[PDB]
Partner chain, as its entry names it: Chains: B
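Here's a solo chain for you in structure tokens, the form solved without the partner chain.
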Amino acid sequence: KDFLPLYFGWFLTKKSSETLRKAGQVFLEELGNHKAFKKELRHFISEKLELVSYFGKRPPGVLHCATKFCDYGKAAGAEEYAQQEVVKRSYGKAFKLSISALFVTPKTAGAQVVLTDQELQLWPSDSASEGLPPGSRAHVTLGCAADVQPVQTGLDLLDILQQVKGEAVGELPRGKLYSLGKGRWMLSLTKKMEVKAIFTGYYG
């Protein structure tokens, strides 16, 4: 047949990618320098940690929010995903993604995406997902620790939302900082950030 992409997703514009990337960097700088984070460094790893370097594996270019990992058809449900009318119809079209929070764990750094009803139509329907609304996994990856694979980022977000399912420990310029234990951190943005993106397929 025609082989599918490596994955489908929304790919941020240059502009939006810059803006979100910087926001992520600033968050990492602020968080690592924050008194509340320094107290819990023993629950984060095994003197201050520079989190921008810790998350050394970062997206090189434009950022994205993946929908369905297809691995060129080899992944289960890949064909069944690509054949959908709403996918074929939305291919190449513009969307705005809403960023609700930035998060950090011992494994990944990322941004939480809250999909619109329309965008959720593009979310795949193939135990981490249990109990949470559809599309909760939706994220943009900002960084990964050396031996992590950024499939981890989605799992990390889901685990975090399973927790949030109390009171702020800190105040950052962009919002409230929450300490969720086990080295997990969440910045809830006072103002949700809007990024512009195009739905398409990555081949690489």
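Residue numbers count along the first chain shown, from 1.
We do not show the form solved in complex with the partner chain, though everything after this point is about it.
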item: Single option in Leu172, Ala36, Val26, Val62 placed near the partner chain in the deposited complex, where near means a heavy atom within 4.5 Å; value: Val62
item: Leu20: touches the partner chain in the deposited complex, heavy atom cutoff 4.5 angstroms; value: no
item: Contact flag, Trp123 vs the partner chain in the deposited complex, heavy atom cut 4.5 Å; value: no
item: The partner chain contact at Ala94 in the deposited complex, heavy atom, 4.5 Å; value: yes
item: is_contact(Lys196, the partner chain) in the deposited complex, heavy atom dist at most 4.5 Å; value: yes
item: Those residues of 168-204 which, in the deposited complex, come within 4.5 Å of the partner chain by heavy atom; value: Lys196, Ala197, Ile198, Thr200, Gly201, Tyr202, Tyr203
